[PDB]
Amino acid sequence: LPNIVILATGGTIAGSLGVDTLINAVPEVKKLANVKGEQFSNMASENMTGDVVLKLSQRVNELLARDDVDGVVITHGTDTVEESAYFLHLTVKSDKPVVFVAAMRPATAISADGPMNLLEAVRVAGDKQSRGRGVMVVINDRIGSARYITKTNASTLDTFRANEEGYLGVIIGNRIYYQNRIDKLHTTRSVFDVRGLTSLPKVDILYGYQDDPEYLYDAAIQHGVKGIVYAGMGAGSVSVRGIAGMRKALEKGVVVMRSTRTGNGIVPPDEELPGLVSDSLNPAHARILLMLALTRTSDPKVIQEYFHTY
């Protein structure tokens, strides 16, 4: 049996202490692997901070470096699991399976989804075929790449999707079907190393819409953000106001990253406009990447290249 450690970052996703009420809630899990529960942190994912995500990443790198650990499963709130997951997707230097699992319904609710999600997560974490596939998010019978997956619906069980990238694999009838391998850098082939890191750069996200305010750029600049991700209109389009706001930020050495608020797609290069473009990274993902990029360089050209390859 695989040795899999399950790290909890909040309350239980299955069962009625903490990561243990969970490990007991689903017995069948002990047939897939010899599990070990660890309550790494404990809060609503909307309260998950880069500092904790950074600790989580270091903890997991540490665990995976040992031979008595075959893979890691992380229970996490669904709201920002995509942010936390993409962070480790870029900072865990191991081919060992790293699976984030979440639930849309409380563990006490009727037809709660946590129990089946955990089981699937553990199955995927211990399966030999799961190696070297980057960080994954398992829920609702699907396996999504941390780089593509995102919560697309506020409240439905099937919320996680990668509309244009699809899923890596699915788990049907207790069998894992692997469909794709993502064509991007990650985990073992990533330049973002978190060994010795203590904090991350400040990157805020500004929305683009009709009449968007130029003053929020100022506020961001005045609070010393090292980077600004712009959840732009359409393909990162910027209004005159947003442009004056970006030009201003670019003078102060702030890195401007143009993404989209649409939800999917490529924000293509465009020299007529300020900042860099996010490729197919959505705002939440673009922010995690922009931060890690800055722990390496401030060179606009190198960062752009990261965004086209990570």
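Think of the rigid core as the biggest set of C-alphas that the two forms share within 1.5 Å after superposition. Numbering starts at 1 and follows the sequence shown.
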property	result
Higher C-alpha RMS shift from the shown form in 5 other deposited structures of this protein - 259-267 or 36-44, rigid core fit	36-44
Stretch with larger C-alpha RMS deviation in 5 other deposited structures of this protein, core superposed, 94-102 versus 192-200	192-200
Chain break class for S16 to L17, judged by how many deposited residues have no coordinates	10 or more
Between the two ranges 61-69 and 261-269, the one averaging a larger CA B factor in the entry	61-69
284-292 versus 21-29 - which carries the larger mean C-alpha B factor in the record	21-29
Highest-ranked of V35, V256, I243, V53 once sorted by CA temperature factor in the record	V35
Highest-ranked of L197, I149, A235, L216 once sorted by CA temperature factor in the record	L197
Chain-wide C-alpha B factor ranking for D79, given as lowest, middle or highest third	lowest
Entry-reported Cα temperature factor of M43, expressed as the chain third it lands in	highest
For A249, the third of its chain into which the C-alpha B factor falls	highest
Position of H89 among the chain's modelled residues by C-alpha B-factor, lowest, middle or highest third	lowest
Within-chain third of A109 by Cα B-factor, per the entry	highest
